[PDB]
2 protein chains.
Amino acid sequence: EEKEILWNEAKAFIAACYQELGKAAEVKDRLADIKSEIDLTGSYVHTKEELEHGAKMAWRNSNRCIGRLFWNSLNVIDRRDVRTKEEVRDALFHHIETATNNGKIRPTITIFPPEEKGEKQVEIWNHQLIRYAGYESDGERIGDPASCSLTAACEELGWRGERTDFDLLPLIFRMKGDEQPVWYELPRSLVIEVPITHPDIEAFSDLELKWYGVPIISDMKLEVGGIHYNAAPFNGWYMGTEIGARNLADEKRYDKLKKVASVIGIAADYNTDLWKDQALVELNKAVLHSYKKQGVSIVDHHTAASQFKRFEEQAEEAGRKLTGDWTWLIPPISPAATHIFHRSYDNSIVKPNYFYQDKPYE
Amino acid sequence: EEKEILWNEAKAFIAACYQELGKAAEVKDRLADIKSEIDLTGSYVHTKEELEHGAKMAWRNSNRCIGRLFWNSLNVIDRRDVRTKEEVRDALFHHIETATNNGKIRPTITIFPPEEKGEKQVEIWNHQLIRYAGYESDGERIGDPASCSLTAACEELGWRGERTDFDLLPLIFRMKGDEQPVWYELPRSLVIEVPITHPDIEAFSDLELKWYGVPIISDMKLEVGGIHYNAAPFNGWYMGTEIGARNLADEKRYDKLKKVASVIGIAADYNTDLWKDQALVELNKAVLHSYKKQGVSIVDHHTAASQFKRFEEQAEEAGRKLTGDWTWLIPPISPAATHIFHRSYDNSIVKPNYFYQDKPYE
Ligand code: HEM
Ligand code: HEM
Ligand SMILES: CN(C)Cc1ccc(OCc2ccc3ccc(N)nc3c2)cc1
Ligand SMILES: CN(C)Cc1ccc(OCc2ccc3ccc(N)nc3c2)cc1
Ligand SMILES: CN(C)Cc1ccc(OCc2ccc3ccc(N)nc3c2)cc1
Ligand SMILES: CN(C)Cc1ccc(OCc2ccc3ccc(N)nc3c2)cc1
Ligand SMILES: [Cl-]
Ligand SMILES: [Cl-]
């Protein structure tokens with residue numbers, strides 16, 4: 001039953017993986033070994049090669065990601081060996097350091113031991129490893145509203161934030177067998193942040209905006225050949241609109257457009273003036289400029305879509321079906337200036353892939 | 001068989017229409033009459049009230065339209081009585097005059113005789129009643145590329161364009177029984193155009209851009225209670241991004257962004273400068289300003305989305321299911337600054353509705 005689903009997923013994954021790796025003759029024997037391993041044990045263990053290629057295929061199959069051209073250069077760190085909360089903490093710290101790479105960001109995934117019988121070995125509570133706290137109480141809003149529930153959960157466990165708009169949340173995760181997660185403050189030497197300034201409007205720094213360098217998404221499940229890696233944080237580099245059109249602009253996030261409009265010297269009074277649009281463009285210019293000036297990797301949405309076009313072409317050339325989610329692939333600014341807007345995409349789900357999972361708080 | 005489909009569509013339409021009109025008691029007798037009419041004749045004829053309410057319901061059910069708040073104020077002109085090409089031409093001329101309304105645009109639909117047995121009585125070739133010609137030959141591109149095939153078809157029939165970038169196509173339509181369509185030049189007194197200028201950048205007029213006042217879509221089919229009105233042109237007023245983000249900006253349309261960038265004084269050299277985005281915002285500001293200054297109705301995408309929010313609320317309050325196509329409802333600039341971007345919509349098709357139909361040329 002469980003063995004059944006597993007073996008089926010396994011046969012399909014190994015066949016495809018080994019084919020792509022030019023190891024097609026090795027499949028029969030590898031499947032034999034896996035078959036006996038499942039019978040005796042209830043599951044099977046991926047070789048380092050399978051796990052590496054599987055994580056890369058999962059990125060390649062992520063319909064919502066515009067950054068997939070670079071799927072084959074993912075840096076895969078195998079941490080299936082950790083057993084203690086100090087090892088997990090140090091692996092997470094290491095991921096941050098090695099992914100950051102002094103600003104020349106390396107797309108990286110660190111893979112922790114998989115669920116055994118749907119039992120998690122490690123359960124990471126963070127949405128991203130580096131993220132700002134948010135607070136709301138009696139009229140007063142501080143920080144990132146999207147972090148309010150995790151922030152409140154951390155404070156239940158004895159963490160206390162300084163209540164700036166940019167407090168770094170601690171790493172917070174739970175080990176199998178523990179009733180409660182543990183938390184660890186991030187060493188500030190590990191976390192690059194970028195102050196937001198504008199290439200020609202000097203007043204822009206009056207907003208005192210900043211953002212962190214590396215988005216390291218840490219609450220998705222990697223599924224490969226029927227094995228469920230629920231703890232497997234990964235990162236790329238940012239596309240500037242994630243920061244400038246969404247994290248800093250959304251009304252339910254930092255909500256900065258009215259403030260941007262004021263410092264760039266335009267009125268925010270009439271919809272027909274398109275002041276929100278103009279503010280969005282200047283904010284997004286500032287974000288790109290600031291990351292580039294600091295030597296931290298970032299891509300703008302035009303260049304990203306041009307890369308995605310080459311991914312579509314590479315898929316066709318490899319004879320691989322392309323899958324995509326148009327509603328996530330279009331950028332939130334000037335979407336019709338990208339080729340993505342003017343075509344359609346098949347939203348089928350192909351495995352290996354990354355998946356949402358239930359949050360352990362709220 | 002044909003009578004079958006028709007009667008079914010009829011029962012459903014009359015029931016819903018009469019319910020909305022508070023005429024629910026009248027349904028049984030009206031359906032009786034329709035039943036006998038279908039038997040004897042092969043179809044049935046809508047009352048003026050049914051046709052009016054049906055056209056309004058079709059707009060209300062148009063998933064891709066952000067302008068639906070105003071569905072109930074559609075001005076319905078019943079031209080089921082025309083029989084000659086001179087009557088059709090004059091009805092089309094009248095629609096333009098009455099919809100334009102000296103710039104205070106009235107959403108209007110003119111309804112011509114329906115298909116009888118899938119046989120069209122009138123077949124309009126224009127995509128819109130007012131639209132610019134386009135030409136391409138030996139490297140040279142003039143006018144609106146989206147009009148190249150209709151333009152070439154018109155010139156086959158002895159029309160000749162002046163080959164400016166803004167030649168008005170003639171009305172072109174075919175009457176049942178004629179092998180060929182006829183064409184008629186538009187009287188220039190009927191067609192309002194708006195020169196595009198910028199509220200603060202004086203050089204913008206050097207681009208010599210203009211657009212026409214009223215989008216009058218004339219190649220869709222209105223289907224109401226199983227009756228197929230294949231000729232039923234309608235108009236609203238423009239949302240500024242249709243002109244500024246698409247007709248004048250798309251690379252396969254007028255392709256003006258590099259030219260806009262030059263006149264607003266920014267370089268068009270680096271993607272990270274977001275010059276296309278900045279040019280798009282200034283072009284779209286200019287379009288709104290120019291229409292407002294000339295006294296021609298137009299709506300900006302923020303105000304339009306705010307109106308659409310009130311449509312969603314009115315639907316809920318009326319106990320009507322809302323349907324929508326997210327990919328067409330989001331505006332092509334700053335989509336994430338509208339509420340539309342942050343929700344999903346059910347793309348089910350409900351009738352009455354407007355439908356694509358095959359073009360009679362190409
Ligand atoms: C290298 C630079 C990368 C860029 C610039 C990039 C860009 C993006 C963007 C802009 C999104 C949409 C985010 C949103 O709208 O919330 C996204 C989604 C995604 N990316 Fe990438 N990405 C990159 C690398 C990666 C890597 C390394 C992985 C995994 C190995 C990954 C997996 C995904 C997934 C799973 C999603 C969808 C998440 C969801 O469903 O919520 N990306 N990417
Ligand atoms: C009153 C002002 C109106 C505004 C501002 C408006 C706005 C728009 C916009 C922006 C589009 C998308 C166009 C595109 O992306 O190509 C659209 C689609 C549409 N509108 Fe409206 N509209 C209005 C009135 C009307 C009226 C009066 C009707 C019919 C009675 C109508 C029927 C539709 C239909 C059928 C579509 C989709 C066409 C397709 O599938 O290609 N609209 N509308
Ligand atoms: C838990 N869900 C309700 C929210 C959720 C939202 C975005 C998520 O990831 C977005 C995402 C994922 C990977 C990325 C890689 C690089 C990049 N620049 N952005 C990226 C953005 C994951 C979960
Ligand atoms: C597989 N293709 C041949 C079919 C196909 C291509 C693009 C498609 O749409 C792209 C698209 C998406 C959103 C739009 C919103 C407005 C608009 N005027 N066109 C829009 C066009 C649809 C189908
Ligand atoms: C024949 N199809 C391939 C293309 C096609 C594209 C847009 C069409 O209508 C778009 C449309 C329809 C009604 C409108 C009413 C008002 C407005 N501002 N734009 C509007 C825009 C109809 C057909
Ligand atoms: C019926 N609702 C409760 C479910 C529902 C609401 C909004 C949904 O998505 C809106 C939406 C569309 C496109 C997006 C692109 C990127 C992004 N980060 N979020 C995006 C969010 C999806 C489901
Ligand atoms: Cl983010
Ligand atoms: Cl148009």
# chains A, B, ... in the order shown; residues from 1 in each chain; ligands from 1
$ interface_residues --of "chain A" --to "chain B" --cutoff "9 Å" --atoms "only C-alpha atoms" --output "ChimeraX atom specification"
/A:245-246,249-251,271-274,276-278,280-282,284-285,288-289,299-303,326-327,332-337,341
$ residues_near_ligand --ligand "ligand 7" --cutoff "7 Å" --atoms "only C-alpha atoms and all ligand atoms" --output "list in words"
residues 215, 242, 243 and 247 of chain A
$ residues_near_ligand --ligand "ligand 5" --cutoff "9 Å" --atoms "only C-alpha atoms and all ligand atoms" --output "VMD selection string"
chain B and resid 64 to 67 107 127 to 128 214 to 220 234 to 240 242 298 to 299 355 to 359
$ residues_around --residues "residue A:161" --least-positions-apart "6" --cutoff "12 Å" --atoms "only C-alpha atoms" --output "MDAnalysis selection string"
chainID A and resid 132:135 142:143 148 150:155 167:170 185
$ write_last_selection --atoms "N, CA, C and O atoms" --output "short mmCIF file (atom, residue, chain, number, x, y, z; two decimals), in the first residue's frame"
data_model
loop_
_atom_site.label_atom_id
_atom_site.label_comp_id
_atom_site.auth_asym_id
_atom_site.auth_seq_id
_atom_site.Cartn_x
_atom_site.Cartn_y
_atom_site.Cartn_z
N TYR A 132 12.07 39.05 8.20
CA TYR A 132 11.84 40.03 9.25
C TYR A 132 10.56 39.70 10.04
O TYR A 132 9.58 39.16 9.47
N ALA A 133 10.59 40.01 11.34
CA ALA A 133 9.48 39.83 12.26
C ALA A 133 8.39 40.86 11.94
O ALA A 133 8.66 41.85 11.25
N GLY A 134 7.17 40.59 12.38
CA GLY A 134 6.11 41.57 12.25
C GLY A 134 5.25 41.56 13.49
O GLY A 134 5.06 40.51 14.12
N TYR A 135 4.68 42.72 13.83
CA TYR A 135 3.93 42.84 15.06
C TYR A 135 2.67 43.66 14.78
O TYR A 135 2.70 44.56 13.97
N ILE A 142 4.15 46.99 13.15
CA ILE A 142 5.60 47.11 13.01
C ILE A 142 6.12 45.95 12.21
O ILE A 142 5.68 44.81 12.42
N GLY A 143 7.03 46.21 11.29
CA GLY A 143 7.74 45.11 10.64
C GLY A 143 6.90 44.52 9.51
O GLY A 143 6.11 45.22 8.87
N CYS A 148 3.63 37.98 11.17
CA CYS A 148 2.98 38.12 12.48
C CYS A 148 2.76 36.80 13.18
O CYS A 148 3.00 36.72 14.39
N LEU A 150 4.25 33.75 12.84
CA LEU A 150 5.50 33.08 13.26
C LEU A 150 6.16 33.91 14.38
O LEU A 150 6.69 33.37 15.35
N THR A 151 6.18 35.24 14.21
CA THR A 151 6.69 36.12 15.28
C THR A 151 6.03 35.86 16.63
O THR A 151 6.73 35.70 17.63
N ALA A 152 4.70 35.78 16.67
CA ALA A 152 4.00 35.55 17.92
C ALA A 152 4.35 34.18 18.48
O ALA A 152 4.41 33.99 19.69
N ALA A 153 4.52 33.20 17.60
CA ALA A 153 4.89 31.85 18.05
C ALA A 153 6.28 31.87 18.64
O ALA A 153 6.52 31.22 19.64
N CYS A 154 7.22 32.58 18.00
CA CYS A 154 8.58 32.70 18.57
C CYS A 154 8.55 33.35 19.94
O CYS A 154 9.20 32.93 20.88
N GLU A 155 7.73 34.39 20.10
CA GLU A 155 7.73 35.08 21.39
C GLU A 155 7.09 34.24 22.48
O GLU A 155 7.35 34.45 23.67
N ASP A 167 13.48 43.45 12.34
CA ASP A 167 14.11 42.50 13.29
C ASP A 167 14.34 41.18 12.57
O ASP A 167 13.39 40.67 11.97
N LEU A 168 15.51 40.55 12.70
CA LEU A 168 15.65 39.21 12.06
C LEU A 168 15.02 38.13 12.95
O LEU A 168 15.36 38.03 14.13
N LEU A 169 14.13 37.33 12.38
CA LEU A 169 13.59 36.22 13.14
C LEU A 169 14.72 35.21 13.39
O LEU A 169 15.68 35.10 12.62
N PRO A 170 14.62 34.50 14.48
CA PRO A 170 15.61 33.47 14.81
C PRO A 170 15.30 32.25 13.93
O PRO A 170 14.20 32.16 13.37
N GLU A 185 19.22 32.66 17.54
CA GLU A 185 19.38 33.97 16.91
C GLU A 185 20.37 33.82 15.73
O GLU A 185 21.34 33.06 15.83
#
$ residues_around --residues "residue B:49" --least-positions-apart "3" --cutoff "12 Å" --atoms "only C-alpha atoms" --output "PyMOL selection string"
chain B and resi 14+17-18+20-21+23+45-46+52-56+76-78
$ write_last_selection --atoms "C-alpha atoms" --output "compact mmCIF listing (two decimals), in the first residue's frame"
# COMPACT_ATOMS: atom_id res chain seq x y z
CA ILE B 14 -36.73 33.23 -20.59
CA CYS B 17 -34.68 36.95 -17.81
CA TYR B 18 -38.31 37.22 -16.66
CA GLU B 20 -34.80 39.35 -13.12
CA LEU B 21 -37.46 41.56 -14.69
CA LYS B 23 -42.27 39.12 -14.82
CA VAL B 45 -38.28 36.21 -32.17
CA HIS B 46 -37.23 38.06 -28.97
CA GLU B 52 -32.42 44.46 -24.33
CA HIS B 53 -32.10 42.51 -21.13
CA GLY B 54 -30.28 39.70 -22.95
CA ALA B 55 -27.58 42.00 -24.29
CA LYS B 56 -27.12 43.44 -20.82
CA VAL B 76 -29.47 48.75 -26.80
CA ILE B 77 -30.44 49.77 -30.35
CA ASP B 78 -32.68 47.21 -32.06
$ select_by_dssp --residues "stretch 143-351 of chain B" --states "alpha helix (DSSP H)" --output "ChimeraX atom specification"
/B:148-156,240-241,257-263,275-294,301-317,326-329
$ residues_around --residues "residue A:100" --least-positions-apart "2" --cutoff "10 Å" --atoms "only C-alpha atoms" --output "CSV table (one decimal) with N, CA and C atoms, in the first residue's frame"
chain,number,residue,atom,x,y,z
A,94,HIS,N,25.6,27.2,7.8
A,94,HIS,CA,26.5,26.9,6.7
A,94,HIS,C,25.8,27.2,5.3
A,95,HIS,N,24.5,26.8,5.2
A,95,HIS,CA,23.8,27.1,4.0
A,95,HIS,C,23.8,28.6,3.8
A,96,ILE,N,23.4,29.4,4.8
A,96,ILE,CA,23.4,30.8,4.6
A,96,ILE,C,24.8,31.4,4.1
A,97,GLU,N,25.9,30.9,4.7
A,97,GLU,CA,27.2,31.4,4.4
A,97,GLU,C,27.6,31.0,3.0
A,98,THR,N,27.3,29.8,2.6
A,98,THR,CA,27.8,29.3,1.3
A,98,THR,C,26.9,29.7,0.2
A,102,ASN,N,29.7,35.8,-0.1
A,102,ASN,CA,30.1,37.2,-0.2
A,102,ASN,C,29.3,38.1,-1.1
A,103,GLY,N,28.1,37.7,-1.5
A,103,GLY,CA,27.2,38.5,-2.4
A,103,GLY,C,27.1,37.9,-3.8
A,104,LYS,N,28.0,37.0,-4.2
A,104,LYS,CA,27.9,36.4,-5.5
A,104,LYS,C,27.1,35.1,-5.3
A,105,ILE,N,25.8,35.2,-5.2
A,105,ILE,CA,24.9,34.2,-4.6
A,105,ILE,C,24.9,32.9,-5.4
A,106,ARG,N,25.0,31.8,-4.7
A,106,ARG,CA,25.1,30.4,-5.3
A,106,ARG,C,23.8,29.8,-5.0
A,107,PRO,N,23.0,29.4,-6.1
A,107,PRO,CA,21.7,28.7,-5.8
A,107,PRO,C,22.1,27.3,-5.2
A,108,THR,N,21.5,27.0,-4.0
A,108,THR,CA,21.9,26.0,-3.2
A,108,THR,C,20.7,25.3,-2.5
A,190,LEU,N,26.5,36.7,9.3
A,190,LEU,CA,26.2,35.8,8.3
A,190,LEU,C,25.2,36.4,7.3
A,191,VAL,N,24.5,37.5,7.7
A,191,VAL,CA,23.3,38.0,7.0
A,191,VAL,C,23.7,39.3,6.3
A,192,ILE,N,23.7,39.2,5.0
A,192,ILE,CA,23.9,40.4,4.2
A,192,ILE,C,22.6,41.2,4.1
A,213,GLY,N,19.7,39.9,1.6
A,213,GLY,CA,20.3,39.6,0.3
A,213,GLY,C,19.8,38.4,-0.3
A,214,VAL,N,19.4,37.4,0.5
A,214,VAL,CA,19.3,36.1,-0.1
A,214,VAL,C,18.0,35.4,0.3
A,215,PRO,N,17.0,35.1,-0.6
A,215,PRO,CA,15.8,34.5,-0.2
A,215,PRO,C,16.0,33.0,-0.1
A,216,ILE,N,15.8,32.5,1.1
A,216,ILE,CA,16.1,31.1,1.3
A,216,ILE,C,14.9,30.4,1.8
A,235,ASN,N,17.7,28.2,-2.1
A,235,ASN,CA,17.7,29.6,-2.5
A,235,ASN,C,18.1,29.8,-3.9
A,236,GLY,N,17.7,30.9,-4.4
A,236,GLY,CA,18.3,31.5,-5.7
A,236,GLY,C,18.8,32.8,-5.3
A,237,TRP,N,18.8,33.7,-6.3
A,237,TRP,CA,19.0,35.1,-6.0
A,237,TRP,C,17.6,35.8,-6.3
A,296,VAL,N,25.7,42.4,-4.5
A,296,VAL,CA,24.8,41.3,-4.2
A,296,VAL,C,24.0,40.9,-5.5
A,297,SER,N,24.1,39.6,-5.9
A,297,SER,CA,23.3,39.2,-7.1
A,297,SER,C,21.8,39.5,-7.0
$ closest_atom_pairs --of "chain B" --to "ligand 6" --cutoff "7 Å" --atoms "only C-alpha atoms and all ligand atoms" --output "JSON lines"
{"residue": "B:341", "atom": "CA", "partner": "ligand 6", "partner_atom_place_in_ligand_line": "12 (C)", "distance": 5.5}
{"residue": "B:342", "atom": "CA", "partner": "ligand 6", "partner_atom_place_in_ligand_line": "10 (C)", "distance": 4.2}
{"residue": "B:343", "atom": "CA", "partner": "ligand 6", "partner_atom_place_in_ligand_line": "7 (C)", "distance": 3.8}
{"residue": "B:344", "atom": "CA", "partner": "ligand 6", "partner_atom_place_in_ligand_line": "7 (C)", "distance": 4.6}
$ residues_around --residues "residue A:79" --least-positions-apart "5" --cutoff "12 Å" --atoms "only C-alpha atoms" --output "PyMOL selection string"
chain A and resi 48+51-52+84+87-92+94-95+109-114+122+229+231-233
$ write_last_selection --atoms "N, CA, C and O atoms" --output "PDB file, in the first residue's frame"
ATOM      1  N   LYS A  48      23.957   9.501  -3.737  1.00  0.00           N
ATOM      2  CA  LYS A  48      24.216  10.946  -3.795  1.00  0.00           C
ATOM      3  C   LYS A  48      23.875  11.510  -5.171  1.00  0.00           C
ATOM      4  O   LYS A  48      23.329  12.622  -5.293  1.00  0.00           O
ATOM      5  N   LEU A  51      19.994  11.877  -5.547  1.00  0.00           N
ATOM      6  CA  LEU A  51      19.434  12.967  -4.757  1.00  0.00           C
ATOM      7  C   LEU A  51      19.800  14.300  -5.419  1.00  0.00           C
ATOM      8  O   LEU A  51      18.954  15.200  -5.572  1.00  0.00           O
ATOM      9  N   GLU A  52      21.043  14.421  -5.866  1.00  0.00           N
ATOM     10  CA  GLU A  52      21.467  15.634  -6.555  1.00  0.00           C
ATOM     11  C   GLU A  52      20.646  15.860  -7.821  1.00  0.00           C
ATOM     12  O   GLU A  52      20.053  16.941  -8.034  1.00  0.00           O
ATOM     13  N   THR A  84      21.218  15.749  15.398  1.00  0.00           N
ATOM     14  CA  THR A  84      21.084  16.613  16.578  1.00  0.00           C
ATOM     15  C   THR A  84      20.697  18.043  16.198  1.00  0.00           C
ATOM     16  O   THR A  84      20.918  18.508  15.067  1.00  0.00           O
ATOM     17  N   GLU A  87      23.686  20.074  15.091  1.00  0.00           N
ATOM     18  CA  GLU A  87      24.042  19.807  13.679  1.00  0.00           C
ATOM     19  C   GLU A  87      23.103  20.486  12.673  1.00  0.00           C
ATOM     20  O   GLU A  87      23.551  20.971  11.619  1.00  0.00           O
ATOM     21  N   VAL A  88      21.806  20.506  12.980  1.00  0.00           N
ATOM     22  CA  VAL A  88      20.844  21.132  12.091  1.00  0.00           C
ATOM     23  C   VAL A  88      21.128  22.628  12.053  1.00  0.00           C
ATOM     24  O   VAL A  88      21.178  23.232  10.983  1.00  0.00           O
ATOM     25  N   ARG A  89      21.363  23.208  13.238  1.00  0.00           N
ATOM     26  CA  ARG A  89      21.600  24.650  13.339  1.00  0.00           C
ATOM     27  C   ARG A  89      22.857  25.026  12.563  1.00  0.00           C
ATOM     28  O   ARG A  89      22.893  26.018  11.824  1.00  0.00           O
ATOM     29  N   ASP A  90      23.898  24.228  12.715  1.00  0.00           N
ATOM     30  CA  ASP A  90      25.132  24.516  12.013  1.00  0.00           C
ATOM     31  C   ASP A  90      25.009  24.335  10.495  1.00  0.00           C
ATOM     32  O   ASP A  90      25.619  25.091   9.741  1.00  0.00           O
ATOM     33  N   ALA A  91      24.236  23.342  10.054  1.00  0.00           N
ATOM     34  CA  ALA A  91      23.953  23.168   8.609  1.00  0.00           C
ATOM     35  C   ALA A  91      23.184  24.342   8.013  1.00  0.00           C
ATOM     36  O   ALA A  91      23.381  24.749   6.847  1.00  0.00           O
ATOM     37  N   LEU A  92      22.281  24.894   8.813  1.00  0.00           N
ATOM     38  CA  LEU A  92      21.502  26.013   8.373  1.00  0.00           C
ATOM     39  C   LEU A  92      22.372  27.286   8.291  1.00  0.00           C
ATOM     40  O   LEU A  92      22.327  28.047   7.303  1.00  0.00           O
ATOM     41  N   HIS A  94      25.566  27.161   7.808  1.00  0.00           N
ATOM     42  CA  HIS A  94      26.464  26.927   6.670  1.00  0.00           C
ATOM     43  C   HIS A  94      25.786  27.233   5.328  1.00  0.00           C
ATOM     44  O   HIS A  94      26.375  27.848   4.395  1.00  0.00           O
ATOM     45  N   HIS A  95      24.535  26.825   5.215  1.00  0.00           N
ATOM     46  CA  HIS A  95      23.808  27.124   3.997  1.00  0.00           C
ATOM     47  C   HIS A  95      23.800  28.614   3.762  1.00  0.00           C
ATOM     48  O   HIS A  95      24.122  29.091   2.655  1.00  0.00           O
ATOM     49  N   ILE A 109      20.785  24.011  -2.198  1.00  0.00           N
ATOM     50  CA  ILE A 109      19.725  23.408  -1.408  1.00  0.00           C
ATOM     51  C   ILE A 109      20.440  22.537  -0.400  1.00  0.00           C
ATOM     52  O   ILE A 109      21.481  21.936  -0.695  1.00  0.00           O
ATOM     53  N   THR A 110      19.961  22.544   0.839  1.00  0.00           N
ATOM     54  CA  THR A 110      20.562  21.649   1.834  1.00  0.00           C
ATOM     55  C   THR A 110      19.479  20.640   2.150  1.00  0.00           C
ATOM     56  O   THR A 110      18.358  21.023   2.471  1.00  0.00           O
ATOM     57  N   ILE A 111      19.798  19.358   2.092  1.00  0.00           N
ATOM     58  CA  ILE A 111      18.740  18.351   2.204  1.00  0.00           C
ATOM     59  C   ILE A 111      18.873  17.587   3.509  1.00  0.00           C
ATOM     60  O   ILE A 111      19.942  17.008   3.807  1.00  0.00           O
ATOM     61  N   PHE A 112      17.832  17.622   4.339  1.00  0.00           N
ATOM     62  CA  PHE A 112      17.944  16.980   5.662  1.00  0.00           C
ATOM     63  C   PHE A 112      17.307  15.594   5.564  1.00  0.00           C
ATOM     64  O   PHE A 112      16.751  15.285   4.516  1.00  0.00           O
ATOM     65  N   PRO A 113      17.384  14.749   6.637  1.00  0.00           N
ATOM     66  CA  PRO A 113      16.823  13.391   6.536  1.00  0.00           C
ATOM     67  C   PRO A 113      15.344  13.442   6.178  1.00  0.00           C
ATOM     68  O   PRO A 113      14.675  14.346   6.670  1.00  0.00           O
ATOM     69  N   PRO A 114      14.847  12.526   5.315  1.00  0.00           N
ATOM     70  CA  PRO A 114      13.453  12.595   4.843  1.00  0.00           C
ATOM     71  C   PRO A 114      12.500  12.064   5.926  1.00  0.00           C
ATOM     72  O   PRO A 114      13.008  11.465   6.895  1.00  0.00           O
ATOM     73  N   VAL A 122      13.035  16.277  11.109  1.00  0.00           N
ATOM     74  CA  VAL A 122      13.323  17.669  11.426  1.00  0.00           C
ATOM     75  C   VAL A 122      12.187  18.469  10.814  1.00  0.00           C
ATOM     76  O   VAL A 122      11.784  18.211   9.692  1.00  0.00           O
ATOM     77  N   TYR A 229      11.259  14.768   1.335  1.00  0.00           N
ATOM     78  CA  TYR A 229      12.205  15.592   2.085  1.00  0.00           C
ATOM     79  C   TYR A 229      11.482  16.868   2.516  1.00  0.00           C
ATOM     80  O   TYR A 229      11.430  17.862   1.777  1.00  0.00           O
ATOM     81  N   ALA A 231      12.204  18.789   4.941  1.00  0.00           N
ATOM     82  CA  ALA A 231      13.132  19.837   5.319  1.00  0.00           C
ATOM     83  C   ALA A 231      14.274  19.879   4.311  1.00  0.00           C
ATOM     84  O   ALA A 231      15.163  18.989   4.285  1.00  0.00           O
ATOM     85  N   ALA A 232      14.241  20.896   3.466  1.00  0.00           N
ATOM     86  CA  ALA A 232      15.201  20.965   2.375  1.00  0.00           C
ATOM     87  C   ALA A 232      15.235  22.391   1.865  1.00  0.00           C
ATOM     88  O   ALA A 232      14.778  22.688   0.746  1.00  0.00           O
ATOM     89  N   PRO A 233      15.803  23.294   2.675  1.00  0.00           N
ATOM     90  CA  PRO A 233      15.756  24.700   2.258  1.00  0.00           C
ATOM     91  C   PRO A 233      16.621  24.989   1.040  1.00  0.00           C
ATOM     92  O   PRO A 233      17.673  24.374   0.854  1.00  0.00           O
TER      93      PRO A 233
END
$ select_by_dssp --residues "stretch 106-349 of chain A" --states "strand (DSSP E or B)" --output "ChimeraX atom specification"
/A:108-111,122-124,128,132,134-137,140-143,168,171-175,182-184,193-195,210-212,216-217,221-224,227-229,234-235,238-239,298-299
$ atom_distance --atom1 "atom CA of residue B:19" --atom2 "atom CA of residue B:314"
17.3 Å
